[PDB]
Every structure is written in C-alpha cells, then in structure tokens.
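Below you will find one chain, with nothing else, as structure tokens; this is the form deposited in one PDB entry, and questions on how it binds or moves follow later.
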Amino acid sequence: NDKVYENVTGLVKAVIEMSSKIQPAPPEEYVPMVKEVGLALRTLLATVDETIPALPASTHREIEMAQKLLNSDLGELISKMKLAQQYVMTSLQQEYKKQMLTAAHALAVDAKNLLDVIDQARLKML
C-alpha cells in the first residue's frame, strides 16, 4: 500500500539511476551517487517507523530485522564505493565499479523484502 510502497519504489528508482551512472562517471562523482541512495534509504526507514505502531506488535521485531539489513547493505555499498574511489587503475576500477552495482542492487532487493514483510504484517491484521 502506498506510503511504504511509494518510498520503496523511490529507493529502487534511486538504485537504478545510480547504477546507470556508474560506468561513465569518474570517482569524484561516486559519494554523491551513494549519498543520494543513502538519503532515499533514510526516508524509507523513517516512513516504516511511522507505520510500525499501527501494526501488530508481534511483527515489529521482524520488520526491524528487515530495516537493519538495509543499513548493513548501505554499509556494504559505501565499502565497495571506497575501493572504487581509491583505485582508479582500469583493471581495479572496472572490478569495483561492478561490486558497487551488485551491492547497490542487493539494497534494492532487501528494500523489496522489507515491503513484503510490511504486507505480511498488514495481512496479520485480518
């Protein structure tokens, strides 16, 4: 349903458009890309926090679990990003540009999982 769905979509969109800009773009333009995805992530997390109290208390812990995973993913992304910033040598750059993409997408997939967890909790209200 919308609020949460809309912000999950915004995060996926952000991941797609950061992934599009990786290949062409230098390093000097890698933190900004990740910064944007991170800001899109924070908005989604705050949106889920606002939705938690209206869901059965027995679903909280799991929702939190899905929330923490995304933070871990963002950490893994920034981690790969550091490597692509430092090593501009082509062979190393192509490799780390690739690991950033893969890590960014892992985030989009867990964002979707968080969504599935919210819907599951909403259905528990039946």
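Counting begins at 1, following the sequence as shown.
Just so you know, the form deposited in another entry exists too; it's not on screen, but the next bit is about it.
Option at the hinge, rigid-body rotation between this form and the one not shown, list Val88, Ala66, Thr43, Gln23
Per the C-alpha fit change, the hinge is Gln23.
What direction does the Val12-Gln86 Cα distance move in the other entry compared with the shown chain, closer or farther, given a change of 3 Å or more?
Their C-alpha distance grows by at least 3 Å in the other entry.
Since the Cα-Cα distance for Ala46 and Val12 shifts by 3 angstroms or more in the other entry, is it a contraction (closer) or an expansion (farther)?
Their C-alpha distance grows by at least 3 Å in the other entry.
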